[PDB]
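Q: Below is a structure I'd like to ask you about.
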Amino acid sequence: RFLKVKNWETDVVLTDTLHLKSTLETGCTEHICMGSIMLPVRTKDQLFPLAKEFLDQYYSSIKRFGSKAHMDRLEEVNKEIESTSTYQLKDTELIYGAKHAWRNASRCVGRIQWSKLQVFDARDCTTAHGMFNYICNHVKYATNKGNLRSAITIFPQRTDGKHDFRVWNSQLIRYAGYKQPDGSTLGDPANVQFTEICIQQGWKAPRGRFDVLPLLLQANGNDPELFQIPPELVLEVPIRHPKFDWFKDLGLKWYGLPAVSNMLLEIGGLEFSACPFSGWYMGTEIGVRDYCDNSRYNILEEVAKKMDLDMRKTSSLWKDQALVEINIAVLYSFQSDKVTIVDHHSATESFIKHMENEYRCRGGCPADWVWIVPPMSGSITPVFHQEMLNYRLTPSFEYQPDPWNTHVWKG
Amino acid sequence: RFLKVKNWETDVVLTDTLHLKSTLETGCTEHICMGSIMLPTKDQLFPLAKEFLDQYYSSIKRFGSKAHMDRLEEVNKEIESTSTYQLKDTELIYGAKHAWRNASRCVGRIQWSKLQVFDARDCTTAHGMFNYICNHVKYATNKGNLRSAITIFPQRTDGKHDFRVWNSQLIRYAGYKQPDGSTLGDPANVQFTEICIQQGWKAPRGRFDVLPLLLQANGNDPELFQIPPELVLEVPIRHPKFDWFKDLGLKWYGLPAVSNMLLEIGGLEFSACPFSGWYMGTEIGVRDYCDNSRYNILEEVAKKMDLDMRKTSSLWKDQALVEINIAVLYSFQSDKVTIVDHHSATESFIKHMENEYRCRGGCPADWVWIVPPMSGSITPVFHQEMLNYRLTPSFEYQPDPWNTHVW
Ligand code: HEM
Ligand code: HEM
Ligand SMILES: Cc1cc(N)nc(CCc2cccc([C@H](CN)Cc3cc(C)cc(N)n3)c2)c1
Ligand SMILES: Cc1cc(N)nc(CCc2cccc([C@H](CN)Cc3cc(C)cc(N)n3)c2)c1
Ligand SMILES: C[C@H](O)[C@H](O)[C@H]1CNc2nc(N)[nH]c(=O)c2N1
Ligand SMILES: C[C@H](O)[C@H](O)[C@H]1CNc2nc(N)[nH]c(=O)c2N1
Ligand SMILES: [Zn+2]
C-alpha cells in the first residue's frame with residue numbers, strides 16, 4: 001500500500017512505501033493517537049530473524065543481495081547464534097548499522113548529514129578507564145577546535161543483560177545542578193539528580209552555575225566510576241549579543257558539543273547500551289529550551305528586565321520578544337567563535353530537501369512532526385506545513401531507563 | 001487501556017479513562033502515526049441515537065429514569081417509522097455544546113459551555129439562511145465584545161437536500177490572480193472568489209474585500225448575498241511603537257466564524273452549522289499575515305524595520321514575526337474587540353484539561369494543533385502530553401461543496 005503526505009505551503013505530494021518495512025510499534029491504535037507522548041536479553045529464537053533482516057538490508061545496500069558472500073555471512077551468523085547465542089558484527093556492518101540508526105531517527109531534523117558519520121569501534125573496551133579514554137578521543141575528534149564533526153563511539157553489546165556497558169550521563173557534556181535549601185536551583189535544574197549521584201560517588205562539586213559534570217562510566221555491568229573530562233577538551237562559548245552590550249553580563253555560556261550518551265543502539269537484534277553520538281547544535285536547542293524552559297535556566301525574566309519590555313501584560317509579548325534576542329545571541333556567539341551551529345530556518349529547509357530526497361531514493365522518510373518543528377517560530381519554518389509519517393525502522397536509537405533505577409550495586 | 005499523560009514542565013500526571021468511550025477512528029495504526037496529516041441507513045442510526053441519548057440523560061442525572069426510557073422508545077419508534085428523528089431543543093443545545101467540548105484541535109474549549117445556540121431548523125430558503133446568518137453575525141460581534149455562537153440549519157435528509165454555506169468562514173477576504181502573475185488579497189480564497197464572480201458577484205478587486213455569502217438551502221443551487229457592511233466589524237492594524245506600521249494598510253475582521261464543517265449529534269448530520277468565537281492573536285499575525293501562501297508580509301515588514309535580511313541566522317523573520325503579532329493584539333485591544341494572546345489561551349487550556357481530567361476522565365487534544373505556531377515551547381501546552389481521540393457529538397471536516405454539487 002501507498003501513503004501520501006502533503007505540503008500545505010507548496011502543494012507537493014509525496015508517496016511513502018517505506019513504511020511497509022516498519023515492524024516495531026508506534027504507541028498509537030485506530031482509537032488513540034499517542035503522537036505527543038514522550039515515551040510510548042533476547043533468545044536466538046527472535047534473534048536470527050532480526051539478524052537475517054539486517055544482513056539482507058546490508059547486502060542490498062552494497063548491491064550484493066543473494067551473493068555467495070551474502071549466503072556465507074547468513075550461514076556464519078546462523079551458526080554463531082546457535083553456538084554462542086549471539087553474534088559479532090563485521091566492521092562494515094557496524095558502520096552501516098550506526099549510519100542507518102541515525103537515518104531512521106524520525107525525531108532528528110539533522111538527518112541530511114546521516115551518511116557523514118565517524119564511527120568509533122570501541123568493542124574491545126573492557127573497563128571504565130578504557131571507556132573514559134575512548135570518550136575523551138571522541139570529544140577531541142568531534143570538537144575539532146570548533147569545526148564540529150559527527151561521531152559515534154560503540155561499546156560492547158549487551159550479552160546477558162547483567163554485564164552492560166553504560167554511560168550514566170545523559171549527554172557527555174552537561175552542567176551540574178544543585179538544589180538549594182531554599183528551594184531554588186543553582187546551575188541546570190535538569191541535572192540535579194545526576195549531579196547528586198556524582199557527589200555521592202565522590203565528585204567535589206565546584207557549586208557554580210556552569211560546572212561541567214564528570215563522566216560516570218559503567219563497564220561490563222560493574223559499578224560506575226567517575227572521571228573528569230580534561231577541561232582543555234571541553235569547548236565552551238560565552239554568550240554575547242551583537243547589539244546589546246549588557247548581554248555578556250548575564251554570565252551565560254554553553255558547550256559546543258551536543259553528545260547524547262543515554263540511548264540504546266539496535267543493529268540486527270544486537271543491543272549497544274553505550275553508544276555515545278554527537279553532532280552540532282541547532283541554535284534553538286540552547287536559546288529556546290536550555291535557556292528559556294521554566295524548568296531549565298529560565299532566563300526570560302532577566303533578559304526582558306534588562307531590555308525594559310512591558311512585563312505587566314503577557315499580551316505585550318515580552319516573552320516572545322526576549323526569546324528572539326536570546327536566540328540571536330546564541331547564534332551570534334557560536335559564529336563569532338567559529339563553532340559550528342545551524343539556525344532553525346536553515347536546519348528545517350535542509351531537512352525538507354533531505355526528506356524529499358529520501359522519498360525519491362528510498363520510498364519514505366519517517367519523521368516525527370512534534371519533534372521536527374522548532375520550539376519557536378514554528379509556522380515560518382517549512383516543516384510546520386509538512387505532513388509527516390512517523391514509524392519505526394531498524395537499525396534504531398531507543399530510549400533506555402536511566403541506569404541508576406535498574407543497576408544492581410556490587411558495592 | 002488506562003492511560004497516563006505527563007506534563008514535563010510540572011511533573012503533573014493525569015490519567016485518561018475517557019478515551020475508552022472513543023467512538024470514531026484516528027488514521028493511526030500500531031505501525032504508523034498520522035498525527036500530522038490534516039485530513040486522515042436505519043440500522044446504523046439507532047445505536048447512534050441511543051449512545052447519544054444515554055450520554056444526555058446521564059448528563060442531567062436521569063440515566064435509567066422513565067423519562068430516559070420513554071424518549072429512547074419515542075426515538076426508536078420515530079426512526080423505524082420515519083427513517084430519522086428530530087432532536088428536542090434541549091438535546092440540540094447539549095449536542096452543540098459537546099461537539100465543541102470534543103473538538104480536540106480547539107485550544108479555546110474552556111469556554112465550551114457558554115455557547116449561544118441558534119436553532120435554524122425551521123429555515124427553508126437561502127434568504128432565510130442569509131437572515132439567520134446576519135443575526136448570528138450581529139449577536140456574536142456584539143459591538144466588539146464577542147460572544148460564542150452556533151446557528152444550526154436543517155439536518156441531512158436523503159443527502160440530495162443538504163443545506164450548506166459555501167464559504168469556509170462567514171467572513172473572509174477575496175483573492176484574485178493578477179495578469180502581473182502575483183496574487184491580490186488573500187491567496188487562500190482564489191478559487192471561491194472566482195466561483196463568486198462566476199455566480200454574479202461584482203468584485204471591487206481590492207486587497208481586503210469581504211467575500212459574499214454563497215448559501216445553499218435544501219440541496220438547491222447556492223445564492224449570493226452580501227453581509228451588511230455595518231455588520232462586518234474590522235480592525236485597522238497599527239503598532240504601539242512603529243508609526244510606519246499603519247502605512248502597510250493592514251486590517252483584519254473581528255469575527256472568526258467557521259462555516260464549512262459538519263455537526264454530528266446522535267447520528268444526525270447538520271451540514272450547515274456556522275459557529276464563531278473570538279480570535280487567538282497568532283491566527284491572524286502568524287498564519288494569516290506570515291504564511292508564504294497567505295498575505296506573506298514578513299519581507300516588507302522586515303525591510304521597514306531595516307533588519308539584516310542578508311542571512312537567515314540574524315533571525316529577522318523571527319524578529320519581524322514578533323512585531324506583527326504585538327501589532328495585531330495591540331490594535332484589537334485598542335478598538336475594544338475581544339482577542340486572546342497565545343500565552344493566555346494556552347494557559348487557559350491547561351486549566352481546562354485539568355478540569356476535564358477530574359470531571360470527565362480526560363480531554364481529547366491534538367498537540368499538533370494546540371501548540372501555537374510561534375514560541376511553542378514557552379507556552380505550557382508544548383510540555384503537555386496529550387492524547388488524541390474522537391468523541392461524539394463532533395464537528396467534522398467536509399469536502400468543499402463545489403466538488404460535490406449537481407447544478
Ligand atoms: C549534525 C548535527 C545535528 C543536528 C543539528 C541535529 C539536530 C537534532 C535536534 C534539533 C534534535 C531534537 C533534540 C531535542 O530537542 O532534544 C535531534 C534529536 C535526535 N537526533 Fe539529531 N542532530 C544532529 C546530529 C545527530 C547525530 C550524529 C545522531 C546520531 C548519529 C542524531 C540522532 C538523533 C536522535 C536519536 C534524536 C532523538 C533523541 C531523543 O529522543 O532524545 N542526531 N537531533
Ligand atoms: C472562544 C474563542 C475561541 C478561541 C480563542 C478558539 C481557539 C481555536 C484555535 C486557535 C483553533 C485552531 C484553528 C486554526 O489554527 O485554524 C481552533 C480550532 C477549532 N475550534 Fe475553537 N476557538 C474558540 C471558539 C470555538 C467555538 C465557539 C467552537 C465550536 C462551537 C470551536 C471549535 C473548533 C473546531 C471544530 C476547530 C478545528 C477547525 C478545523 O479543524 O479546521 N472554536 N479554535
Ligand atoms: C546528536 C545531537 C545533535 C543535536 N543538534 N542535538 C542533540 C540534543 C539531544 C538531546 C539533548 C537533551 C535532551 C534530549 C531529549 C529531550 N529533548 C532527552 C529525552 C527525554 C525523554 C523523556 C525521551 C527521549 N527520547 N529523549 C535530547 C543531539
Ligand atoms: C471558531 C473559531 C475560533 C477561533 N479563534 N479561530 C477559528 C479559526 C478556524 C479556522 C480558520 C481558518 C482555517 C482553518 C482550518 C485550517 N487552519 C481549515 C481546515 C483545513 C483543512 C485542510 C482541514 C481542517 N480540519 N480545517 C480553521 C475558529
Ligand atoms: C509533550 C511533548 O511531546 C514534549 O514536550 C516534546 C514536544 N516536542 C519536542 N521537540 C523536541 N525537539 N524536543 C523535545 O524535547 C520535545 N518535547
Ligand atoms: C502538516 C500539519 O498537520 C499542518 O501544517 C498543521 C500543523 N498545525 C496546525 N495547527 C493549527 N492550529 N492550525 C493549522 O492549520 C495547522 N496546520
Ligand atoms: Zn498517532
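Note on naming: chains are A, B, ... as they come in the C-alpha cells, residues start from 1 per chain, ligands start from 1 in the order shown.
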Taking only C-alpha atoms into account, report as a list in words which residues of chain A lie within 6 Å of chain B.
A: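 So the contacting residues turn out to be residues 9, 25, 26, 28, 29, 30, 31, 32, 33, 34, 35, 36, 37, 295, 315, 343, 375, 376, 377, 378, 379, 387, 388, 389, 390 and 391 of chain A.
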Q: Name the residues, by chain letter and number, that sit within 7 Å of ligand 3 using only C-alpha atoms and all ligand atoms, and give them as number ranges by chain.
A: A: 38-39, 171, 258-260, 277-282, 285, 399
Q: Quick one: contact table of chain B to ligand 2, 7 Å max, nearest atom pair and distance in Å to one decimal per residue, counting only C-alpha atoms and all ligand atoms, chain and number order, as CSV?
A:
```
residue,atom,partner,partner_atom_place_in_ligand_line,distance
B:96,CA,ligand 2,30 (C),6.9
B:97,CA,ligand 2,30 (C),6.9
B:100,CA,ligand 2,29 (C),4.4
B:103,CA,ligand 2,35 (C),5.2
B:105,CA,ligand 2,37 (C),5.2
B:106,CA,ligand 2,17 (C),4.0
B:107,CA,ligand 2,7 (C),4.8
B:108,CA,ligand 2,6 (C),3.9
B:109,CA,ligand 2,22 (N),6.6
B:111,CA,ligand 2,1 (C),5.9
B:112,CA,ligand 2,27 (C),6.8
B:115,CA,ligand 2,27 (C),6.4
B:148,CA,ligand 2,27 (C),4.8
B:149,CA,ligand 2,27 (C),5.9
B:150,CA,ligand 2,30 (C),5.9
B:275,CA,ligand 2,30 (C),5.1
B:276,CA,ligand 2,27 (C),4.9
B:277,CA,ligand 2,2 (C),3.8
B:278,CA,ligand 2,2 (C),4.0
B:279,CA,ligand 2,5 (C),4.9
B:280,CA,ligand 2,5 (C),4.6
B:283,CA,ligand 2,15 (O),6.1
B:340,CA,ligand 2,5 (C),6.2
B:345,CA,ligand 2,5 (C),6.5
B:369,CA,ligand 2,12 (C),6.1
B:370,CA,ligand 2,12 (C),6.8
B:395,CA,ligand 2,35 (C),5.1
B:397,CA,ligand 2,40 (O),6.6
```
Q: Hey, can you spit out that residue selection with N, CA, C and O atoms as a JSON list (two decimals), in the first residue's frame?
A:
```
[["chain", "number", "residue", "atom", "x", "y", "z"],
["B", 96, "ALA", "N", -24.62, 20.46, 20.59],
["B", 96, "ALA", "CA", -23.78, 21.50, 20.03],
["B", 96, "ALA", "C", -22.64, 21.84, 21.01],
["B", 96, "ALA", "O", -21.47, 21.94, 20.63],
["B", 97, "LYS", "N", -22.99, 21.96, 22.28],
["B", 97, "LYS", "CA", -22.01, 22.25, 23.29],
["B", 97, "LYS", "C", -20.95, 21.17, 23.37],
["B", 97, "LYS", "O", -19.76, 21.48, 23.47],
["B", 100, "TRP", "N", -18.27, 20.92, 20.55],
["B", 100, "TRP", "CA", -17.22, 21.86, 20.86],
["B", 100, "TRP", "C", -16.37, 21.31, 21.96],
["B", 100, "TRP", "O", -15.16, 21.29, 21.85],
["B", 103, "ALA", "N", -13.94, 18.92, 20.46],
["B", 103, "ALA", "CA", -13.06, 19.35, 19.37],
["B", 103, "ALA", "C", -11.59, 19.35, 19.82],
["B", 103, "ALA", "O", -11.12, 20.29, 20.47],
["B", 105, "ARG", "N", -8.78, 19.77, 18.49],
["B", 105, "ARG", "CA", -7.90, 20.77, 17.91],
["B", 105, "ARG", "C", -8.15, 22.17, 18.42],
["B", 105, "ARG", "O", -7.45, 23.09, 18.00],
["B", 106, "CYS", "N", -9.13, 22.33, 19.32],
["B", 106, "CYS", "CA", -9.53, 23.65, 19.81],
["B", 106, "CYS", "C", -8.94, 23.96, 21.17],
["B", 106, "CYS", "O", -9.22, 23.27, 22.16],
["B", 107, "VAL", "N", -8.14, 25.02, 21.20],
["B", 107, "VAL", "CA", -7.44, 25.44, 22.39],
["B", 107, "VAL", "C", -8.39, 26.24, 23.28],
["B", 107, "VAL", "O", -8.09, 26.46, 24.46],
["B", 108, "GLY", "N", -9.52, 26.67, 22.73],
["B", 108, "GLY", "CA", -10.39, 27.64, 23.41],
["B", 108, "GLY", "C", -11.52, 26.99, 24.17],
["B", 108, "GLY", "O", -12.46, 27.65, 24.58],
["B", 109, "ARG", "N", -11.45, 25.68, 24.35],
["B", 109, "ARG", "CA", -12.58, 24.92, 24.93],
["B", 109, "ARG", "C", -12.94, 25.21, 26.39],
["B", 109, "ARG", "O", -13.96, 24.72, 26.87],
["B", 111, "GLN", "N", -14.24, 27.53, 27.27],
["B", 111, "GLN", "CA", -15.47, 28.29, 27.07],
["B", 111, "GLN", "C", -16.64, 27.42, 26.65],
["B", 111, "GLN", "O", -17.76, 27.92, 26.49],
["B", 112, "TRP", "N", -16.40, 26.12, 26.49],
["B", 112, "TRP", "CA", -17.32, 25.27, 25.75],
["B", 112, "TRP", "C", -18.75, 25.37, 26.17],
["B", 112, "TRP", "O", -19.66, 25.20, 25.36],
["B", 115, "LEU", "N", -22.10, 28.84, 25.16],
["B", 115, "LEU", "CA", -22.32, 28.82, 23.71],
["B", 115, "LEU", "C", -23.78, 29.13, 23.44],
["B", 115, "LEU", "O", -24.66, 28.50, 24.00],
["B", 148, "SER", "N", -19.67, 33.70, 21.94],
["B", 148, "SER", "CA", -19.69, 32.45, 21.18],
["B", 148, "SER", "C", -21.08, 32.07, 20.72],
["B", 148, "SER", "O", -22.03, 32.16, 21.50],
["B", 149, "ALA", "N", -21.19, 31.59, 19.48],
["B", 149, "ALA", "CA", -22.48, 31.19, 18.93],
["B", 149, "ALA", "C", -22.37, 30.16, 17.82],
["B", 149, "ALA", "O", -21.35, 30.08, 17.11],
["B", 150, "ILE", "N", -23.44, 29.37, 17.69],
["B", 150, "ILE", "CA", -23.63, 28.47, 16.57],
["B", 150, "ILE", "C", -25.07, 28.59, 16.04],
["B", 150, "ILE", "O", -26.00, 28.69, 16.84],
["B", 275, "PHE", "N", -20.36, 28.37, 13.14],
["B", 275, "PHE", "CA", -20.09, 28.71, 14.54],
["B", 275, "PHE", "C", -18.93, 29.69, 14.65],
["B", 275, "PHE", "O", -18.08, 29.76, 13.76],
["B", 276, "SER", "N", -18.88, 30.43, 15.75],
["B", 276, "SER", "CA", -17.92, 31.51, 15.89],
["B", 276, "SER", "C", -17.53, 31.69, 17.35],
["B", 276, "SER", "O", -18.29, 31.38, 18.24],
["B", 277, "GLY", "N", -16.32, 32.20, 17.58],
["B", 277, "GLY", "CA", -15.88, 32.56, 18.91],
["B", 277, "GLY", "C", -15.18, 33.90, 18.83],
["B", 277, "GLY", "O", -15.73, 34.89, 18.39],
["B", 278, "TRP", "N", -13.93, 33.92, 19.26],
["B", 278, "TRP", "CA", -13.06, 35.06, 19.06],
["B", 278, "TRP", "C", -11.65, 34.59, 18.82],
["B", 278, "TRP", "O", -11.28, 33.47, 19.20],
["B", 279, "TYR", "N", -10.85, 35.46, 18.22],
["B", 279, "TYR", "CA", -9.53, 35.10, 17.73],
["B", 279, "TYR", "C", -8.48, 34.92, 18.80],
["B", 279, "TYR", "O", -8.47, 35.60, 19.83],
["B", 280, "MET", "N", -7.57, 33.98, 18.55],
["B", 280, "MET", "CA", -6.32, 33.96, 19.28],
["B", 280, "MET", "C", -5.38, 34.74, 18.38],
["B", 280, "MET", "O", -5.37, 34.53, 17.16],
["B", 283, "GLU", "N", -3.35, 33.53, 15.16],
["B", 283, "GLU", "CA", -4.09, 33.06, 13.98],
["B", 283, "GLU", "C", -4.00, 34.09, 12.86],
["B", 283, "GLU", "O", -3.80, 33.73, 11.70],
["B", 340, "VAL", "N", -7.49, 37.02, 22.25],
["B", 340, "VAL", "CA", -6.67, 36.44, 23.30],
["B", 340, "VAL", "C", -5.26, 36.17, 22.75],
["B", 340, "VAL", "O", -5.10, 35.80, 21.58],
["B", 345, "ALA", "N", -4.28, 32.08, 26.18],
["B", 345, "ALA", "CA", -5.12, 31.00, 25.66],
["B", 345, "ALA", "C", -4.64, 29.60, 26.07],
["B", 345, "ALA", "O", -5.44, 28.77, 26.51],
["B", 369, "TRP", "N", -2.01, 20.84, 16.77],
["B", 369, "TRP", "CA", -2.86, 21.99, 16.53],
["B", 369, "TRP", "C", -2.96, 22.92, 17.70],
["B", 369, "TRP", "O", -3.20, 24.12, 17.51],
["B", 370, "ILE", "N", -2.82, 22.36, 18.90],
["B", 370, "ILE", "CA", -2.99, 23.11, 20.14],
["B", 370, "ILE", "C", -1.76, 24.02, 20.38],
["B", 370, "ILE", "O", -1.90, 25.12, 20.88],
["B", 395, "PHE", "N", -17.63, 18.00, 15.51],
["B", 395, "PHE", "CA", -17.52, 18.71, 14.25],
["B", 395, "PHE", "C", -16.59, 17.94, 13.32],
["B", 395, "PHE", "O", -15.50, 17.54, 13.70],
["B", 397, "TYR", "N", -14.76, 17.75, 9.33],
["B", 397, "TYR", "CA", -14.44, 18.45, 8.10],
["B", 397, "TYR", "C", -15.29, 17.87, 6.98],
["B", 397, "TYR", "O", -15.64, 16.69, 7.00]]
```
Q: Just the number, please: distance in Å from atom CA of residue 166 of chain A to atom CA of residue 209 of chain A, one decimal.
A: 26.8 Å
Q: Which of these residues is nearest to ligand 4, using only C-alpha atoms and all ligand atoms: A:14, A:385, A:212, A:327?
A: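 Smallest separation from ligand 4 among the options: A:385.
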Q: Find the residues near ligand 1. Use a cut-off of 8 Å, count only C-alpha atoms and all ligand atoms, and write them as number ranges by chain.
A: A: 98-99, 101-103, 105-111, 113-114, 117, 149-152, 260, 263, 277-282, 284-285, 289, 341-342, 347, 371-372, 374, 396-399
Q: Which one of A:381, A:400, A:314, A:193 sits closest to ligand 6 if you count only C-alpha atoms and all ligand atoms?
A: A:381
Q: Which residue, B:146, B:363, B:297, B:67, has the smallest gap to residue 350 of chain B when you use only C-alpha atoms?
A: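 So, comparing all the options, the nearest one is B:363.
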Q: DSSP on the backbone, then: every residue of segment 152-392 of chain A marked alpha helix (DSSP H), written as a PyMOL selection string.
A: chain A and resi 192-200+283-284+291-292+300-306+318-336+344-362+369-372
Q: For the residues in the current selection, export C-alpha atoms as a PDB file, in the first residue's frame.
A:
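Wrote it out as again-v1.pdb, contents follow:
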```pdb
ATOM      1  CA  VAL A 192      20.057  17.847  39.851  1.00  0.00           C
ATOM      2  CA  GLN A 193      19.556  14.094  40.284  1.00  0.00           C
ATOM      3  CA  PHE A 194      22.597  13.050  38.284  1.00  0.00           C
ATOM      4  CA  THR A 195      24.712  15.776  39.967  1.00  0.00           C
ATOM      5  CA  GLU A 196      23.656  14.259  43.343  1.00  0.00           C
ATOM      6  CA  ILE A 197      24.776  10.800  42.282  1.00  0.00           C
ATOM      7  CA  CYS A 198      28.118  12.257  41.167  1.00  0.00           C
ATOM      8  CA  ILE A 199      28.532  13.989  44.538  1.00  0.00           C
ATOM      9  CA  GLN A 200      27.547  10.713  46.230  1.00  0.00           C
ATOM     10  CA  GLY A 283      20.546  27.317  17.883  1.00  0.00           C
ATOM     11  CA  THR A 284      17.098  26.834  19.405  1.00  0.00           C
ATOM     12  CA  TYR A 291      17.846  28.923  28.457  1.00  0.00           C
ATOM     13  CA  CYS A 292      14.106  29.593  28.373  1.00  0.00           C
ATOM     14  CA  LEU A 300      13.291  35.083  30.116  1.00  0.00           C
ATOM     15  CA  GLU A 301      12.595  37.353  33.150  1.00  0.00           C
ATOM     16  CA  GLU A 302      16.093  38.803  33.476  1.00  0.00           C
ATOM     17  CA  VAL A 303      16.514  39.312  29.729  1.00  0.00           C
ATOM     18  CA  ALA A 304      13.194  41.152  29.357  1.00  0.00           C
ATOM     19  CA  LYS A 305      14.011  43.066  32.594  1.00  0.00           C
ATOM     20  CA  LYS A 306      17.295  44.206  31.021  1.00  0.00           C
ATOM     21  CA  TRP A 318       7.588  40.456  26.149  1.00  0.00           C
ATOM     22  CA  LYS A 319       8.456  36.772  26.433  1.00  0.00           C
ATOM     23  CA  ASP A 320       8.424  36.281  22.667  1.00  0.00           C
ATOM     24  CA  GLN A 321      10.493  39.394  22.163  1.00  0.00           C
ATOM     25  CA  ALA A 322      13.158  38.404  24.701  1.00  0.00           C
ATOM     26  CA  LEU A 323      13.213  34.899  23.204  1.00  0.00           C
ATOM     27  CA  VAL A 324      14.248  36.133  19.755  1.00  0.00           C
ATOM     28  CA  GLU A 325      17.094  38.231  21.272  1.00  0.00           C
ATOM     29  CA  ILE A 326      18.446  35.325  23.331  1.00  0.00           C
ATOM     30  CA  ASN A 327      18.486  33.190  20.188  1.00  0.00           C
ATOM     31  CA  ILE A 328      20.176  35.844  18.041  1.00  0.00           C
ATOM     32  CA  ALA A 329      22.794  35.944  20.763  1.00  0.00           C
ATOM     33  CA  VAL A 330      23.410  32.187  20.836  1.00  0.00           C
ATOM     34  CA  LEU A 331      23.826  32.107  17.054  1.00  0.00           C
ATOM     35  CA  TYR A 332      26.000  35.239  17.039  1.00  0.00           C
ATOM     36  CA  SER A 333      28.274  33.907  19.768  1.00  0.00           C
ATOM     37  CA  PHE A 334      28.835  30.469  18.221  1.00  0.00           C
ATOM     38  CA  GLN A 335      29.527  32.004  14.795  1.00  0.00           C
ATOM     39  CA  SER A 336      31.941  34.599  16.188  1.00  0.00           C
ATOM     40  CA  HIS A 344      16.357  26.686  12.705  1.00  0.00           C
ATOM     41  CA  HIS A 345      15.489  28.244   9.323  1.00  0.00           C
ATOM     42  CA  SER A 346      18.449  26.654   7.679  1.00  0.00           C
ATOM     43  CA  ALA A 347      18.079  23.288   9.560  1.00  0.00           C
ATOM     44  CA  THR A 348      14.434  22.878   8.596  1.00  0.00           C
ATOM     45  CA  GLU A 349      14.943  23.892   4.945  1.00  0.00           C
ATOM     46  CA  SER A 350      17.732  21.302   4.702  1.00  0.00           C
ATOM     47  CA  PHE A 351      15.540  18.659   6.314  1.00  0.00           C
ATOM     48  CA  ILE A 352      12.758  19.266   3.755  1.00  0.00           C
ATOM     49  CA  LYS A 353      15.205  18.722   0.836  1.00  0.00           C
ATOM     50  CA  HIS A 354      16.629  15.656   2.615  1.00  0.00           C
ATOM     51  CA  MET A 355      13.100  14.368   3.156  1.00  0.00           C
ATOM     52  CA  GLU A 356      12.050  14.811  -0.454  1.00  0.00           C
ATOM     53  CA  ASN A 357      15.323  13.132  -1.497  1.00  0.00           C
ATOM     54  CA  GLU A 358      14.561  10.249   0.871  1.00  0.00           C
ATOM     55  CA  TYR A 359      11.119   9.760  -0.715  1.00  0.00           C
ATOM     56  CA  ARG A 360      12.729   9.669  -4.205  1.00  0.00           C
ATOM     57  CA  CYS A 361      15.641   7.317  -3.428  1.00  0.00           C
ATOM     58  CA  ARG A 362      14.191   5.305  -0.519  1.00  0.00           C
ATOM     59  CA  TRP A 369       6.395  16.359  13.499  1.00  0.00           C
ATOM     60  CA  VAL A 370       6.062  17.084  17.200  1.00  0.00           C
ATOM     61  CA  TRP A 371       9.870  16.961  17.416  1.00  0.00           C
ATOM     62  CA  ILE A 372      10.958  18.210  13.981  1.00  0.00           C
TER      63      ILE A 372
END
```
Q: Would you mind telling me which residue in B:11, B:162, B:186, B:347 lies nearest to ligand 5 when using only C-alpha atoms and all ligand atoms?
A: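 When distances to ligand 5 are compared using only C-alpha atoms and all ligand atoms, the smallest one comes from B:11.
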Q: Please compute the atom CA of residue 220 of chain B-atom CA of residue 163 of chain B distance, one decimal, in Å.
A: 8.2 Å
Q: To test your reading of the structure, identify every residue in segment 205-349 of chain A that backbone DSSP assigns to strand (DSSP E), and report it as a PyMOL selection string.
A: chain A and resi 215-218+225-227+236-238+253-255+259-260+263-267+270-272+277-278
Q: Tell me, as an NGL selection string, which residues lie within 12 Å of residue 224 of chain B, counting only C-alpha atoms; anything in the same chain fewer than 3 positions away does not count.
A: :B and (126-127 or 129-130 or 165-167 or 193 or 195-202 or 211-217 or 221 or 227)
Q: From the options B:288, B:400, B:356, B:308, which residue's atoms come nearest to ligand 6, counting only C-alpha atoms and all ligand atoms?
A: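 Smallest separation from ligand 6 among the options: B:288.
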Q: Grab the atom CA of residue 352 of chain B to atom CA of residue 391 of chain B distance for me, in Å with one decimal place.
A: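 Atom-to-atom, atom CA of residue 352 of chain B to atom CA of residue 391 of chain B, that is 17.0 Å.
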Q: Of the candidates B:189, B:44, B:169, B:271, which one gets nearest to ligand 4 if we count only C-alpha atoms and all ligand atoms?
A: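 When distances to ligand 4 are compared using only C-alpha atoms and all ligand atoms, the smallest one comes from B:169.
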